[PDB]
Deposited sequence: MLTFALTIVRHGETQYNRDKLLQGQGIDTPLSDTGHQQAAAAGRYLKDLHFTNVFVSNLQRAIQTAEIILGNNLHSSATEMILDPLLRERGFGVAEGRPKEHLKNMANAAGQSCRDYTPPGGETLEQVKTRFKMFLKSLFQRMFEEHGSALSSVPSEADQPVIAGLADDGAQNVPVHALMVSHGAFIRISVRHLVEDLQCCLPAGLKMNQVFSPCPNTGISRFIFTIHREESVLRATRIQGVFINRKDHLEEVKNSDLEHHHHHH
């Protein structure tokens, strides 16, 4: 059994690079996330996402030894790719994610009540040492959240409006889920998924 945190961030304002505003959004998000240790980083192959990830990491106090992995599965919906096709890509990404986390961190590391949500950057992950950062695109992230919340067994905390849960993500909007996974019949499955916060933009 392994529990890990996933922080999800939409790229900054924009294979185009970030705008100047984009850079500043990403730096603000980096400063917001600076005291978090990301043990793993995953990012779409698109420059706007890579630069956002680079800026977040360049502002981080703990994650210097963490390598950024580019994953095409995180690319934006092809504008024409169906919503189901995008969801399938997220399902494939999750499969990859569980396997990677289990292989690297194993089952002797972090082995359904409300997480502690204080409106701070480390909400729900204070005591969760394994923490992955995913930097991706707005339509993909929206579809990914629907999948996590609707299609899978999922917990959502007190006072979180469904309107917010399903809202479109702002540039550098931040979301967080906590996953618990275990190997059932040789296949890795999530036993619990806990939503913490969705599309947070306090840093803007």
Stretches with no C-alpha position, numbering per deposited sequence from 1: 15-27, 93-121, 154-157, 251-265
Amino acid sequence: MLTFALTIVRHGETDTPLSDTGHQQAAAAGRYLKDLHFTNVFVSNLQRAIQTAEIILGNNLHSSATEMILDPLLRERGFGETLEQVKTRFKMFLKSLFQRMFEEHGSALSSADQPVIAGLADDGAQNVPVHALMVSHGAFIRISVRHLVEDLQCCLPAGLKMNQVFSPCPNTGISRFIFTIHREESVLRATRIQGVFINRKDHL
From here on, numbers count along this sequence of modelled residues.
Selected stretch [higher average CA B-factor]: 99-107 or 129-137: 99-107
Comparing 117-125 with 86-94, the one whose average Cα B-factor in the PDB entry is higher: 117-125
Chain-wide C-alpha B factor ranking for residue 12, given as lowest, middle or highest third: middle
Third of the chain, ranked by Cα B-factor, where residue 153 sits: middle
Third of the chain's Cα B-factor distribution that residue 44 belongs to, per the entry: middle
Within-chain third of residue 178 by Cα B-factor, per the entry: lowest
Chain third (lowest, middle, highest) by recorded CA B-factor, residue given as residue 68: highest
